[PDB]
Every structure is written in structure tokens, then in C-alpha cells.
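Asks: This is the structure, below, for whatever I ask next.
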Amino acid sequence: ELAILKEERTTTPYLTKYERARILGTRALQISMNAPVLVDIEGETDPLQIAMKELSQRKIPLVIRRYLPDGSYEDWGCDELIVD
Amino acid sequence: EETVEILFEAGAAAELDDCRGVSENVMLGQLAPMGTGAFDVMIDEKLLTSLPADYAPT
Amino acid sequence: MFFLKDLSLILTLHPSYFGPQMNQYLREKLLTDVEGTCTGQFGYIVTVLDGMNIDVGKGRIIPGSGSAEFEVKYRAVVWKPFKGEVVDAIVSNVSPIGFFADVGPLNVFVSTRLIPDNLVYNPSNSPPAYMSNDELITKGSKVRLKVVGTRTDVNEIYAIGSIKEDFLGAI
Amino acid sequence: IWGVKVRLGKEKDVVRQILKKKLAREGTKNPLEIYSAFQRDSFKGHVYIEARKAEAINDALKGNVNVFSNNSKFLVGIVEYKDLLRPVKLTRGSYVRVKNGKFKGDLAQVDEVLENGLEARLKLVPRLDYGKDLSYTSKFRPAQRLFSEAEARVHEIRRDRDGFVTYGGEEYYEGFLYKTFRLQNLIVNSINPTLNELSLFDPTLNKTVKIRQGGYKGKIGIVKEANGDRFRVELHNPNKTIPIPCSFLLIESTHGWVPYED
Amino acid sequence: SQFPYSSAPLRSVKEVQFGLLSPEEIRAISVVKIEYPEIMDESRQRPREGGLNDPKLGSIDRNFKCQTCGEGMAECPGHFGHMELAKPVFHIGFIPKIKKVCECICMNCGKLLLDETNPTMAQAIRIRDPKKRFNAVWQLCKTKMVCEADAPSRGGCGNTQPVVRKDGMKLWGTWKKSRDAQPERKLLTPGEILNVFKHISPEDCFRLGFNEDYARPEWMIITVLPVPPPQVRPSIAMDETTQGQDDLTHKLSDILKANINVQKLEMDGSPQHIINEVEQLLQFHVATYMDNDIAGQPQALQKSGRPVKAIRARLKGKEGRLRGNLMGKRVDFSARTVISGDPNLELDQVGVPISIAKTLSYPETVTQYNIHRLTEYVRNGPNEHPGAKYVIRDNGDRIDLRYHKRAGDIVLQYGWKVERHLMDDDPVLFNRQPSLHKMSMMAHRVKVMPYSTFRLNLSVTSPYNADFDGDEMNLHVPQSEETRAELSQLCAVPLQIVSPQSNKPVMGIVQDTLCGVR
Amino acid sequence: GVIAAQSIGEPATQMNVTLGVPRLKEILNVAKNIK
Amino acid sequence: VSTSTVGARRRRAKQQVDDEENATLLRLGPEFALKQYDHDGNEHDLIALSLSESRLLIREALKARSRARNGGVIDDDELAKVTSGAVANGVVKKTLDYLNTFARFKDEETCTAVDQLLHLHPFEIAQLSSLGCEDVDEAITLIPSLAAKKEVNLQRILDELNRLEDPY
Amino acid sequence: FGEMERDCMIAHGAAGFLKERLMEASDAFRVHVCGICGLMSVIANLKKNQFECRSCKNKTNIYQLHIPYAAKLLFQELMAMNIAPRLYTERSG
Amino acid sequence: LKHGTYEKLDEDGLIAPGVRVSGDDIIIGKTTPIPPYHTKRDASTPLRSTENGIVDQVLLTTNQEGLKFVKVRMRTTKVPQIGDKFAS
RNA sequence: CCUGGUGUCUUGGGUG
DNA sequence: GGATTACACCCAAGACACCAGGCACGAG
DNA sequence: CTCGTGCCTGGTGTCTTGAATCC
Ligand SMILES: [Mg+2]
Ligand SMILES: [Zn+2]
Ligand SMILES: [Zn+2]
Ligand SMILES: [Zn+2]
């Protein structure tokens, strides 16, 4: 009902600074609670560093639900949004 | 301003507060609809299925 | 009284369960938690329909805790009895204060002041029964009673019956 | 009859003052034209004055320092007069509550009253110490417990009759105190029995230490915390508490600073 | 996590519905009736049941469990009582609105003086906002000076209506008896008005902007008073073994005493003129209990001479509940000291004294990648840096490492938390008051250093408007993985170099370095 | 919103027609009779 | 804990005593209203199930799930062991055995015949199938709501039910 | 943490940080509400695991909230002045 | 009882001059009885948590009402360091 | 053998 | 007729009255 | 030994008349 179909999504295709900060923190948090990590971990073992590594390779398994003013929303996966 | 007067008047006219403002949520200690709180984060069940099978929940 | 009900359950998932078979874990998790349980609002939930194909939707991540929240919408077979409903039963016990009858999941108590006088408890008979001449109420005897009151413990519900009316009793 | 507002607690004084003024002016060319005045305890802060003209009320109160200057007098209806002058228990075997002394607040049975009619003999659960700390108040009294004559015999007593003892000049019969109280010292009305009444009726901490090795060698200190192996010495010399290993300490004892053989 | 597990579903608040508490509802949530003003049983320990500290209202003592919920004093919210009033009294907050309602309705049957037949009045009922509609109606009906028995039958009683005036806590109505004759204004008691309000119809209740479920107009008159639990009015000990009571506790005693004397009148000696002095005094105490800043009359005073702290005064002003405890409040994990400059620190660093670094902490979750590292901190303990202060299990029990003598026998499990000392490159929020603009709060990276001042690289003095003539600054430590990331990716110093105020930098090379570079 | 509020207020804290703070006050207070 | 599509139930000014469950007065409470809504918001008639329908669905669901648990590989005592836990084992076994001793039409051939015969409030249509009756006199007494409806066929209902009914 | 520091975190858009500061790092409190009447009138015995809002006769539709203690305090002071602050967890329009 | 050490008090309830003290140490021991053994409650005075130094002098006397009255003066030395303030 | 509470309301003088 | 009147922080310096009743001590 | 006076403690309850601008 409220959900907007993939072909008709209108919001910006770039990840905003606020979306980026929330994604990094949430994913960091999940890793520190021993969620399966999707990239190779070499020397960089801090929780925030691993999450930043996953972001750079487009491998974070999360979806942004962007609410529009009327309450409807577009779901965007972090795999498809372009990160500067 | 006019703190107590607002609240007495709000009671007598049964006002409904829809909790969309920043100030409403701050004083109730809930994540405010602003900045990092202006959206929800969902788990991408479709993208997890590309992982190998030995990572699976039992 | 059986119904089909479209229900839903809020499930919280710890982040360490975020793997490729997440949905299958949730399907097992839903069934273990819901099947066989009773609530006063719906009754006994007997079996859930189409369990292996339930669409769980997307999980909401809880801010500040990392855990994920799923709303699993589903469809089940539910059993709730009702006051006024006439039903058949199978007697489980007979005692000086009446009898207990198993109607599927639960047990119904009918007291002595709502039992007709000509049905006399006979302990000396082998096996023990409520007896007449052409009537025979032994364990497993079809009897017809009417539910006159439902009490709710929110864990198991308790219903009281009566055979103090027309056409109710053994058949 | 007019009522008049007066300073709380000064109602009797105002009635007095009105009488003096009345009597002093009797037979003069300017008599005080009031007939009577009175004050009811139940009616705090009011005096009532009997007269024919309102002006006489003002005259009665003129200059009275206990009366509120505001022109607050009020008229009483004839049908209200007698109620203003309404004057208004206690039976042997009934319960009352004591209002004074160490037994203040306690429930007591009325045993009997004096011939004259003033004080009543009460049967009371005693609050005694059997002279335990002798060489009392209601805030530093004892718990209630029936008198025990064998306890008194053991610890500190005159037998007077069957089950009757005088102990420290009070009378106890079958365990109860019988003591006279003024009737004005007991409450007879609206008593509420209580729940309770319904039921009844490491060895080197803090010792001085000298350090024998390291950069702090020769300094005095005190063992502040000795969890294990690593001590916390509060050094005297700079205002600092240090972590230090146990091999480094000398402890003071009867003869000098002794190594870890103490 | 500091909360024991409860099976009830966790949700957030989406809506706040304000309204009035009906008399019936007050009794339904109450757990005890309050009658006796004597707080103590008889000054012999254990407070008196039915008294103002009845243990069913709750525990403010560490050793007595609540006799209603079984929970300790920390979890127990407290439960309300109720106090029956012998006679209904006005709510001091609602008097001017009550006054407005009288001129709108008939003082006999209570019907709205105008109908949809009046064209301008039919326009006024369409107004969507309840407050404006009510005012628009009253603006019309104000000049209607008689309740008509007949349409311009409407259910009217034919009586002319009085002009109601407020005189302190009393309302006077002047009726014009049917040129000029003599009018007799009698007092409009709360009880008289109470009965009139219950006969207002549901349809006229809506048209007056009130609400049948939430704000029914007779609930503006007080008949039973809710007795707040002791958490709202705690006792304090002035000099250890001497405790005084809260202003509300003393004031509720006065209302309770005054309530008993109204019961003491109607059964015997009432000289009428005495009934009016005692009932008005009950009205007085109930008024100043809620609002002790009533204009035009003297304030209620404590025996010390200073005014009583009423509930209204608790909420207003800089130190009250809203501006002093909810819009801002005191917080944990903070620190403050004098600042000094250091040119040999990076722009985004802050030098943090060792003593401060051992008091503050961050709860780092134990994982497979850091478990070996974190055990080293545990052996060092709270007094050697780099060390740690607590180990927190998933159940919430903290192990205090100051008093654990068998610290060597702890083995860490995944998912536990170790509250370790503050350490190099942890982000912290740094702040100088007054916070005039957003660059008064920027995230710096900690560098632990000897000596007791905070060190700043000199080029950040300008956005803080800081200097080193005695200024102090505040440091706040984020307490979770989510907020560390928010600090470093949104609030960090290099992101703040250009300000949106004037699309230009707010930091540059300054003082010695700027003089020298020329 | 908040950024706008701080951007206007901060310069005011360091600062024949009326000018400066008294004139600023007339605007926000939308006074009917200006000086 | 577990909730449904039906929500809020905020307070109203007038109370209601059409809520107390009475099968005689067609009061099934707020959850079992005549018109329900599924998990997509679509309108839907209340689903009341006779003993014959219910026996087929529950047994089918259990053996299809049992086959699924076996990767794709009759008696009531065997079908109840599919559940997990002794609490679950109990309620499911007792329900099949109860239905095993009171379901007249114990196969899908006869059941679909009864299904087409019956397929006017939806609750009454389901009641008539569950309670066996001989004559019209017996149906309107035990189920007193069928009185003032003036639309029998009742006799041919009972005749077909009894004729399809196998001997015992 | 005064009113002016609150505003700075809004400007940064650091909504998550502001929530934590004013709750977990201070006076966080758990309350129970009745799903029907919205009041904090629930009597909750956690070791007996039984809950009841006596007014609504409701033992099933009950929610828990995390709110500041000073907000819980505020609502009880409002109740004491006959103001009903009803906390509902869902909208309706 | 308070959490600090009581081991620097002498038998008269007063600490003696010359003893170094640190924060939360008790320097004046005093009790108050509990109204209606094991009857008293501590009412002692600890040194301010942020301070240290040496007890210099202890005055013992009585006040106008005749009860006992003490004053304990503590001295320490403050040495200039980073952060201290100076002015011409 | 784990838990572990010390006041408030003002006023005045100061710091940036 | 009230309400408005920067922010944060430090520290030292203070606390019910009168009347009536009961008990104890001293003097005759 | 008895009576009277003084002091202390506990309980209950108030009152002689005497900073300035704005909406
Ligand atoms: Mg400066
Ligand atoms: Zn409680
Ligand atoms: Zn009328
Ligand atoms: Zn409720």
C-alpha cells in the first residue's frame, strides 16, 4: 500500500551523510555482537574499521527505508545506492 | 512560555499531540525524526542468500 | 468451535542469527512458540497453515540494541469454545460432584445441581457408569451438553456445562 | 444576636472585656446597651453579642485590640439562637484511649471512676523495664508487655492479693496496670481500634611501612589496599598513593622494620 | 539491559492524549482510601494504614517491599490513593473557563442558547478547531441575555440569565428579576453548578468544544482528590536523625484535617455563618495546593514564613521540571577542567589528563578479535593504565574490580562487556559554554597526557571563542558503538572547517604562528 | 531551522535610523509603533 | 504477545453488552466479527469450519509438513508425532482422536459432496453441519436461532446428511 | 547538559547521540501502560509474572515503555492535579 | 558506617596533629543513638574527597551550651603547576 | 559472604 | 491588570514559637 | 509529708499596622 514500486522511486540516488553515519554505526554494532562478517578481515580489527571496509566494497546487507512526508516510503538497498 | 496555562488549556479541550516534533520525542527520550533518525533500517534478506550454506541459522 | 484466523507475532532476532537460512530459522521459531498454546482472545491455536511458505516481511532494526524485529503474519487453525454452543464430548472422570469431559484440548466440568435426578452415580457396577435402562454413559460415550459459562485464566480457559435441559444427555 | 470575628484564642478575653465595659457604664448617661455576650469553643474566632441596635455592637467592641477592624459583624436568625447555646459518655468495661504520659495513644479498659467524678481507674498493658537501668517519656518509653511478677521477683515488689502486686509503687493485677487518670486525659469518642489491638483484645593493612628497594626506598607510608601481590601504599612524602610489589616492603613491628617474616 | 526481563512487548510512544480524570476513574486506579492526617501509628515505628504514608502507596525505603507490586524501591513506580471530599470544590485552574460556560448555557437545564436556524451561528459550528468554535459560539451567545423557553420549544426554561462575575475563589451571579427593580445576586456554590453540569446533553457537550470521552465538563469540579505516592514528595533528613516533610505532605495534612471538620458540622452545631467559613477554607487549601500564585489574595505560608511550594510552581521557571529536568539535565560520563594550548597536537586531538582518563570509561563488547587484548586490561585492574573497571555479564551483574581479590580467575565470554579506561583515538565530544552555534560542540580524538589541563591545538580556539585565561571546557564520552560512529562521521573537527553561517572557514592560522609566518 | 537560528543570532551577540540590537528587537517583536 | 489485524479498540462513550460471547445471539466478540480483514487489508467473510472440513485441512497440513521435513518422502497416532515437544504432542493428538470419534464424513469424497451441498449468515451455515439432527423438530430446539427465518430445505439437508452417513 | 547543548546536537543532526545522552547515560526508567486506557496504572509483579490494569479489567493488552524518570515524575504530578496524560503506542488519524 | 578508614583516630575520638590524611578518611568520630542493643548511628566527618595534607592543630573546648566542641585545622602546600593562574 | 545512605531552601560573594 | 528580562560554574553561610500541663524539688 | 512554685517538654496554631518598560 504505502510502498512505492522500484521503477517509480524518486528520491536521490546518492547516500546522504546522515544515512552513511547510521549505516556504519548500525553495522559496526552488529559486528561487535558477532554477526557474520561478509569481507575478509586482515590487520584492521576495530569494529568501525571492519564496517567501513564493507561499505567501500558495497557489501553491507541493509536496506534504507526513506520516509516521505505523507508517510509513504521508498526502500533502497545499500548495495544499490552510490557512495561518493 | 506560559507552561502551566498551556497544559491546563490542553486538558480542558482534549488536545491530541501527534509526536512529530523534535521536542516531543526528545523529552520522552525516543529517537527523533531528524538526521540519523529520519529513516528506518531494514535487513536485506535477499542479499543474505548469496552467502555460503555453512553460515546458516539452525 | 473451529475457525481460521489470520494472526501475527512480533519476533525479535539476535544479530548472531543473521545468516542465509534466517527465514527458515524463523519458520521453525514461530511454530515452536505458537503451536499448542492457548489465549483467552482466540482460544487454542491448533495448527498453523502453510508454515513452510510464510512470508515474514522485512525486519526492523531496533535503534540502540542491534537486534532485529520481524512481524510474521500467518494463518492458523484456532479452537475456541463458546457459551451457548451445544457440543458432544467424551467423559474423562466421574465423581460425586459431577463429571469431567474432554472436548479436544480441554476439560469441561458439569456440576450436580445441573444434572437430572434420574441419572444416578453407580459405583458398584463394573465398570462404573451413570446408568439407566437404554442409556449408558461409560468412558467414550457420546453425550450432548451445552456450554453455559466461560472463565478465562489467559493460559487455559475453563468452561462449565449443563445437562439440565431438553435433548441433552447420552444418545 | 450578632456574631463578630475576633482574633483566634482571644474569644474569652473579648467576652470578659465586654462584661467590664457593661458593668462600668451601668447607670451612667451612656450605658452599654448590650444584654449579654458569649463565645462557644466549637465556634473558633467568634463572639456573639446580644442587643437591640447594631450601634451597641460597635460600642461594645470599640477600642478592643482583639477584634478585627473590618466591619465584619453578622446577624443571627431567631431560629438559630438556641443551637448557639447547646451545652453538648464513659462506662465501666468500655475502652478509651489515653491522652497523656508514656501510655499516650494506648487503648485501655475503664475499670472504675472516683466517687467525686474526675479520674477513672484504667486497666492498661504495661510498658516496663523491671528497673534494668536505674541508678520516663512517651518518646523514650518501653514496648508494651503484660507485667510478669516472676521477672520482677528475679530482677528487682510487694504482693497485695491473689494476682495483685505493687511494683515500683504501681499496681498490677493479672498482668495489667491499674492506674488512675483524669477523665479529661482520656478519649471516649470515635476510637478506632488498630490492627495490633484487634490482634490483642590480610594482617598488614593500615600498618605503617618502610620501602627498602626502588626509587621510593626509605620512605614512610600506610597500606591503603592489599588485594594481592601489588599493594597500595599511601606515601607520606608526596600527595600520591602508589602501586607497589610485596617484595619491596618493610613492616613495623615490636622491634624495628621487619621483612616478610612477620 | 539494566532492566530485568519482562515478557510485555516493548513499544514507543506515538501519541499523547490529554484529558481529565473522572471521579470514577480516580477510584478505579486508587489502591487505598485516605482519611487520617496523623502520619505515624503512635510514634512507635511503622506508619499508619489509611494515613498519608500507608505502605500500599509505595516504598521509599531500601528494606520494605511494596505491598502491591512486590518490586524493590528502584523498580516500583508508586501507586496512587484517593481522598474523598465531603463537599465538591472548584479546581483553581479552570475557574475562568467555568465562568465562560455559565454565560453559554441555561442555568436551569443547560442548553446552548442558539440553534442552526441562526445563519451566522450556523457558520460558527462549522469551524474545525474546537477552541475557536467554542469562542465563536460564546461571542454570539454572550449578548443573548435570556434563555428562551420558545424558539426565536427548544427545551428552554424561560429564565433570564445572570451576569456571572469572579470575586477571588467565589463566583457571583446577578439575576435581573422582571422597569428597573431590585436584583438579588446569590453565591453560585460548586455543588449547585455541579448538578447543572451533569444534565448537559451529549449533543451540547460536543458543540461546546468539550469531549464526551476525555474532557467531560463536570470533571472540572473536584469531588475526589488523587493522593500522589511518596515518590512525588520524599522526606529529607536535615541533620541525620531529624526528618522534615515535603511541602505537599504538610499541605495534604491541612486539606485532610479541614475535610474532617466539614463532616463534623453537618451532624450537629452549625450556625450557618460557620459553615461558610469552613467550606471556603477547604476551597482555599485545595486551591493553594495546586497553585499558590493566585492573583489578588495573600499566599499560603509555611511556619518559617516563606511561601508554600505548590505544584504549579514546581513546573515553571528555570529550575522546574520542564526547563530544569527535561529540556536539560545533569549527565553522567562528563568532565571539566582548565584548558591549555598545545601547538604540537593535531587539529582534531584533545589532550586528556591521566586522572580523568582513569575515571571515565567506555563499555567495549568482547568479541573473537579483541578477547586476548581485553584480558590484559582486566589483569592490570582499575589502578594501572591501560586498565579496566568492570566486567558486565549478559544478565547485568557488574563485577567491581576494586574489590575482586581473585581477578586472575576471570575468563571472559563473548557477548560480555568490559568497561575499559579511555584510550588513544577514542572520539569524545568537546564543548565550551555558552554554546552559541554548532561549532561549540565538535568531536576530538583523545590523547592521554600527564598534567591536569585539557590540551587543544591552538587553531581551534577561534570557533569555541576560547582562550586560556581561566576558561573551562566540558568533555562528554559516548557510551556505545552507534554513537562513536555518529561522532566521527558527522561531528568531527575536519568536517567543521567551513561553516554554513557565511560560506567560509571559521578556523585559521592565528596569533604566534600567524605573526611568525609573515 | 536550527542552523538558521544560530546563524542570525551569533553575529547579534557581538554587535539617524535605529540600528543594532534595538532595531533587531522591533522586527522579531513586530511592533506596531517602531521608534 | 500475539496480536491480529483488528486493532485499537479505543474507548467509546456508550458501552456495549453485545460483546459477551453467546452463540445463540450471534455475539462472537471483537476478534470474530462477521467481516474480517486479512494481512493485506482485503475484506473477507468469517471462516467458521465444520468438523468435516477441519479434519481434512489439519491432517493434510501435518502430512505435507511431515513430508517436507523428510525432504519429500492415515493413522491418527502416527500423524501427531510430527509436533515438537510433549505439550504440543498432547493437544494435537487429543484433537485428532476427538475428531476421529465424532466426524461423520471421514473422507474427501463424501466431504466435497457435503461441501457443495452447503455452499444467510455464515455462522449458522457452519452450525447446521456440526450438529447432527434427524428432523426439523430437533434442529430448531437445540439451535433456537433457526426459528424466524422462514426458509427450511432443512429436511432435505438432514436427509442428505443421513444418507451420505455411512453405517457404524 | 543544558538547553543550548541540546540545540547544537540537533544542528549536527546527531539524533542517535542525543537520545542516548538523555536516557541511558542518565535517568532511564521502565514503565508499564495499559493498551486500552493509556495510563501508567498497571500493577506488575514480575516474579509472579502477572499484570493487571484493574480499571480496564485487562491482563493481555499491556505494553512497556522506556521513558525518562523525570518524565514519569511529571506525569504523576499532572495526575495529582486531575490532568490525564494518556500514552498510546499507535496512531489512528 | 562510612566507607573510609577509621584507623587514624585516637581513643578520644579525635585525630592527632602530625598525621597525614587523604580524602574520605574520618578525622572526627561521632555517633548519634537510634531511638526505639546495637543502638547508634554514625555522624562522623570525613575529609573532603579532593584534598590531602597534614593535621596541624586540634582545638578542643566547649560551646555556650556546655557540650563538647572541636576544630581540626589541616595544612597542605600548593606548588605551582600547569593550569594555575597568575597576573601582573 | 556478596549489597552498601548523608539534606534541602535561600541569600551573598566570585569565575568565563 | 501579569509576564519578560544570557549561560554555565565555584564556594561559604544558615534553620518555629507560645502556652499549658505535668513532674520534681524545696520549704514549711 | 504535703503543698506550691518553677522548669521543661509536648502539642497546637498567627497578626500591632508598615522597578521598569511593553502588549
Ligand atoms: Mg576567557
Ligand atoms: Zn509498587
Ligand atoms: Zn432551563
Ligand atoms: Zn487501563
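Chains as they are written, first to last, in the deposited numbering: chain A, 71 to 154; chain B, 1406 to 1463; chain C, 1 to 171; chain D, 226 to 313, 319 to 365, 383 to 403, 406 to 450, 749 to 809; chain E, 2 to 153, 164 to 189, 194 to 533; chain F, 1067 to 1081, 1095 to 1114; chain G, 3 to 75, 84 to 129, 137 to 185; chain H, 1130 to 1222; chain I, 885 to 920, 931 to 982.
All C-beta atoms in this analysis are idealised placements derived from N, C-alpha and C, irrespective of residue type, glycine included.
When the cut-off is 8 Å and only beta carbons count, does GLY1145/H lie next to chain C?
Replies: On the eighth sequence, residue 1145/H is found 16 positions in, with the first residue counted as 1. Yes, because at least one Cβ of chain C sits closer than 8 Å to the Cβ of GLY1145/H.
Asks: When the Cα atoms are used, what is the spatial distance from residue 190/E to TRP234/E?
Replies: The model contains no atoms for residue 190/E, which sits in the stretch where chain E goes from 189 to 194 directly.
Asks: Identify each residue in the segment 1412 to 1439 of chain B for which the Cβ-Cβ distance to at least one residue of chain A is less than 7 Å, and report them in chain order.
Replies: Listed by position, the residues of the segment 1412 to 1439 of chain B near chain A (Cβ gap below 7 Å) amount to none.
Asks: Can you check whether the CB of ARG1215/H is closer than 8 Å to the CB of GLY1167/H?
Replies: Stepping through the eighth sequence from its first residue, residue 1167/H is reached at position 38. Stepping through the eighth sequence from its first residue, residue 1215/H is reached at position 86. A contact, by the Cβ cut-off of 8 Å.
Asks: Please state the DSSP three-state secondary structure of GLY1164/H.
Replies: If you number the eighth sequence from 1, residue 1164/H lands on position 35. Of the three classes helix, strand and coil, the one that applies to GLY1164/H here is coil, per DSSP.
Asks: Which residues count as close to ligand 2 when the rule is a CB under 6 Å from any of its heavy atoms, in chain order?
Replies: After applying the 6 Å Cβ criterion, the set is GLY59/E, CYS67/E, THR69/E, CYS70/E, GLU72/E, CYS77/E, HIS80/E.
Asks: Any idea if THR380/E is buried or exposed, counting beta-carbon neighbours within 10 angstroms, 16 or more meaning buried?
Replies: Here the question's residue 380/E lines up with position 365 in the fifth sequence. Label assigned to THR380/E: buried.
Asks: Quick check on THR1408/B: does DSSP put it in helix, strand or coil?
Replies: Within the second sequence, numbered from 1, the residue matching residue 1408/B stands at position 3. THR1408/B falls in the helix class under three-state DSSP.
Asks: Check whether the segment 98 to 113 of chain A and the segment 358 to 371 of chain E are in contact - that is, three or more C-beta pairs closer than 8 Å.
Replies: These segments do not touch.
Asks: Whose CA, out of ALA87/E, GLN260/E, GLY179/E, lies closest to the CA of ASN276/E?
Replies: Here residue 276/E refers to the residue found at position 261 when the fifth sequence is read from its first residue. Of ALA87/E, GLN260/E, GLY179/E, the residue nearest in Cα terms is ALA87/E.
Asks: Going by DSSP in three states, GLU182/G sits in which element: helix, strand or coil?
Replies: Locating residue 182/G in the seventh sequence gives position 165, where the first residue counts as 1. Three-state result, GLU182/G: coil.
Asks: List, in chain order, every chain E residue whose beta-carbon is nearer than 7 Å to that of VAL1409/B.
Replies: Within the second sequence, numbered from 1, the residue matching residue 1409/B stands at position 4. Chain E residues near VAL1409/B: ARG327, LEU330, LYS331.
Asks: Given a cut-off of 8 Å, decide if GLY224/E and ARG127/E are closer than it, judged by their beta-carbon atoms.
Replies: By one-based count along the fifth sequence, residue 127/E stands at place 126. By one-based count along the fifth sequence, residue 224/E stands at place 209. Cβ distance not < 8 Å, so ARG127/E and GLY224/E don't count as in contact.
Asks: Considering Cα atoms alone, identify which of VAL903/I, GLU895/I, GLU959/I is closest to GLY768/D.
Replies: Walking along the fourth sequence from the start, residue 768/D turns up at place 221. Closest option to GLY768/D, Cα to Cα, is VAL903/I.
Asks: From what residue to what residue does the beta strand (DSSP E) around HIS387/E run?
Replies: Counting from one through the fifth sequence, the residue named residue 387/E turns up at place 372. No beta strand (DSSP E) contains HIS387/E, which is instead part of the alpha helix (DSSP H) from 386 to 395.
Asks: Do three or more CB pairs link the segment 750 to 758 of chain D to the segment 789 to 805 of chain D at distances below 8 Å?
Replies: Judged by Cβ distances under 8 Å, the segment 750 to 758 of chain D makes contact with the segment 789 to 805 of chain D, as three or more pairs qualify.
Asks: What three-state label does DSSP hand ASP130/E in the structure shown?
Replies: Taking the first residue of the fifth sequence as 1, we reach residue 130/E at position 129. DSSP places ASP130/E in coil when its eight states are reduced to three.
Asks: Which residues have a Cβ closer than 6 Å to any heavy atom of ligand 3, listed in chain order?
Replies: Residues with a Cβ closer than 6 Å to any heavy atom of ligand 3, in chain order: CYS107/E, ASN109/E, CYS110/E, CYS148/E, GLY167/E, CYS168/E.
Asks: Going along the chain, which residues of its own chain have a beta-carbon closer than 7 Å to the beta-carbon of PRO83/A, five neighbours each way excluded?
Replies: Translated into the one-based positions of the first sequence, residue 83/A becomes position 13. Closer than 7 Å at Cβ, skipping near neighbours: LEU151, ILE152.
Asks: If we ignore side chains and look at the alpha-carbon of each, how far apart do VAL78/C and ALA1173/H end up?
Replies: As a first step, residue 78/C must be located in the third sequence, where it is residue number 78. As a first step, residue 1173/H must be located in the eighth sequence, where it is residue number 44. So the alpha carbons of these two residues sit roughly 29 Å apart.
Asks: For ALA1458/B, which residues in chain C fall below 7 Å Cβ to Cβ?
Replies: What you label residue 1458/B is simply residue 53 of the second sequence in a count that begins at 1. Within chain C, the residues near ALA1458/B are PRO20.
Asks: Under DSSP, the beta strand (DSSP E) around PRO1214/H begins and ends at which residues?
Replies: Position 85 of the eighth sequence, counting from 1, holds the residue named residue 1214/H. Its beta strand (DSSP E) spans residues 1212 to 1217.
Asks: Using only the heavy atoms of ligand 1, determine whether one of them is closer than 7 Å to the beta carbon of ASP254/E.
Replies: Translated into positions along the fifth sequence, residue 254/E becomes position 239. Because no heavy atom of ligand 1 lies under 7 Å away, the Cβ of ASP254/E does not count as near it: no.
Asks: Determine the extent of the alpha helix (DSSP H) in which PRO24/E is found, giving its start and end residues.
Replies: The residue you call residue 24/E lines up with position 23 of the fifth sequence. First-last of the alpha helix (DSSP H) with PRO24/E: 24 to 30.
Asks: Do you know whose CA, among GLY149/C, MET1/C, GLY169/C, lies nearest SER132/C's CA?
Replies: Looking up residue 132/C in the third sequence gives position 132. Closest by alpha carbon: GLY169/C.
Asks: For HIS300/E, does the three-state DSSP call read helix, strand or coil?
Replies: Stepping through the fifth sequence from its first residue, residue 300/E is reached at position 285. Here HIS300/E sits in helix by DSSP.
Asks: Is any beta-carbon of chain H found at less than 8 Å from that of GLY100/G?
Replies: For the purposes of this step, residue 100/G is taken as residue 90 along the seventh sequence, with counting starting at 1. So no, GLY100/G is outside the interface.
Asks: Is the Cβ of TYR88/A closer than 8 Å to any Cβ of chain H?
Replies: Here residue 88/A refers to the residue found at position 18 when the first sequence is read from its first residue. Judged by the 8 Å Cβ criterion, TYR88/A is in contact with chain H.
Asks: Would you call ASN210/E buried or exposed, if buried means 16 or more other Cβ atoms sit within 10 Å of its Cβ?
Replies: Counting from 1 along the fifth sequence, the entry for residue 210/E is found at position 195. So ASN210/E ends up on the exposed side.
Asks: Once DSSP output is grouped into helix, strand and coil, what is the label at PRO97/E?
Replies: Looking up residue 97/E in the fifth sequence gives position 96. Helix, per DSSP.
Asks: Between the C-alpha atoms of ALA328/E and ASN307/E, what's the straight-line distance to the nearest angstrom?
Replies: Residue mapping note: residue 328/E aligns to position 313 of the fifth sequence, counting from 1. Residue mapping note: residue 307/E aligns to position 292 of the fifth sequence, counting from 1. Rounded to the nearest angstrom, the two C-alpha atoms are 8 Å apart.
Asks: Less than 8 Å between the beta carbons of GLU33/G and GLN41/C, yes or no?
Replies: Position 31 of the seventh sequence, counted from the first residue, corresponds to residue 33/G. Position 41 of the third sequence, counted from the first residue, corresponds to residue 41/C. Yes.
Asks: Just to be sure I understand the criterion: a residue counts if its Cβ is closer than 7 Å to at least one heavy atom of ligand 1. Which residues meet that?
Replies: Those residues are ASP482/E, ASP484/E, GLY485/E, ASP486/E, given in chain order.
Asks: Residues of chain B with CB under 7 Å from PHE19/E, in chain order?
Replies: On the fifth sequence, position 18 is the one that residue 19/E refers to. Within 7 Å Cβ-Cβ: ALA1415, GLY1416, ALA1419, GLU1420.
Asks: With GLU419/D as the anchor, note down where its beta strand (DSSP E) starts and where it stops.
Replies: For the purposes of this step, residue 419/D is taken as residue 170 along the fourth sequence, with counting starting at 1. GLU419/D -> beta strand (DSSP E) spans 419 to 422.
Asks: Starting from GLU85/E and walking both ways along the beta strand (DSSP E), at which residues does that stretch end?
Replies: Indexing the fifth sequence from 1 puts residue 85/E at position 84. Unbroken beta strand (DSSP E) run through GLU85/E: 82 to 91.
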